[PDB]
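There is one chain below, alone, in structure tokens, taken in the form deposited in one PDB entry.
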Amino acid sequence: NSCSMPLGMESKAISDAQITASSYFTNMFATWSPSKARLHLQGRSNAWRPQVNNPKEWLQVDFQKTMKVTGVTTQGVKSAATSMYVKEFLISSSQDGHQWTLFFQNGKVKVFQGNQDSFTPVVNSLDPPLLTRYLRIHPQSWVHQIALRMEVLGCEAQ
């Protein structure tokens, strides 16, 4: 129970450089960049959104070391009056950036059940816990548009 602390998305101990994505939506007034994918961030473009909405987009955190990951927390966003949130997602991970592993639950790729609105954070436990350096989230279903603010829960790999 001693390995459930936020690893730094909300606090910015995970720096902007550490968060990347397949793509992200940007125009003259908005940058829905990967580094906006931070739990409870407020503002005009306060979430990651991919450039196009499709099930092959992804958001990635690089912890810059191997960490013990025991949960992921996700949250949608509101763009003015429009609610946008991910309902279902997959996770993949890597210790070196070369070899990736899809997150399985007892022999089957786990489909995580995510958000049901644009504001409530949903915590998804990872059992078994992940010892990883890169963590990728793969949205599979969503309401209106893909949008993510997140936190990673865990501890150092000691």
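Numbers follow the displayed sequence, beginning with 1.
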Inset, instruction - State which stretch shows the higher mean Cα B factor in the entry: 114-122 or 86-94. - result: 114-122
Legend entry - Stretch with the greater mean C-alpha B-factor as recorded in the entry, comparing 137-145 against 19-27: 19-27
Inset, instruction - Would you mind checking where the Cα B-factor of residue 44 ranks among the modelled residues of its chain, as the lowest, middle or highest third? - result: highest
Inset, instruction - Sorting the chain's modelled residues by C-alpha B-factor, tell me whether residue 75 ends up in the lowest, middle or highest third. - result: lowest
Inset, instruction - Could you say whether, by C-alpha temperature factor, residue 60 belongs to the lowest, middle or highest third of its chain? - result: lowest
Inset, instruction - Using the B-factors in the PDB entry, rank residue 102's C-alpha atom against the chain and give the third, lowest, middle or highest. - result: middle
Inset, instruction - Comparing against every modelled residue in the chain, figure out the third that the C-alpha B-factor of residue 38 lands in (lowest, middle or highest). - result: lowest
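Just so it is clear, the following notes concern the form deposited with a small molecule bound, a form of the same protein that is not shown.
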Legend entry - is_contact(residue 19, the small molecule) in the deposited bound form, heavy atom dist at most 4.5 Å: no
Legend entry - 4.5 Å heavy atom contact, residue 78 and the small molecule in the deposited bound form: no
Inset, instruction - Look up in the deposited bound form whether residue 143 has a non-hydrogen atom within 4.5 angstroms of the small molecule, and give yes or no. - result: yes
Inset, instruction - Look at the stretches 143-151, 8-16, 21-29, 130-138 and give the one with heavy atoms within 4.5 Å of the small molecule in the deposited bound form. - result: 143-151
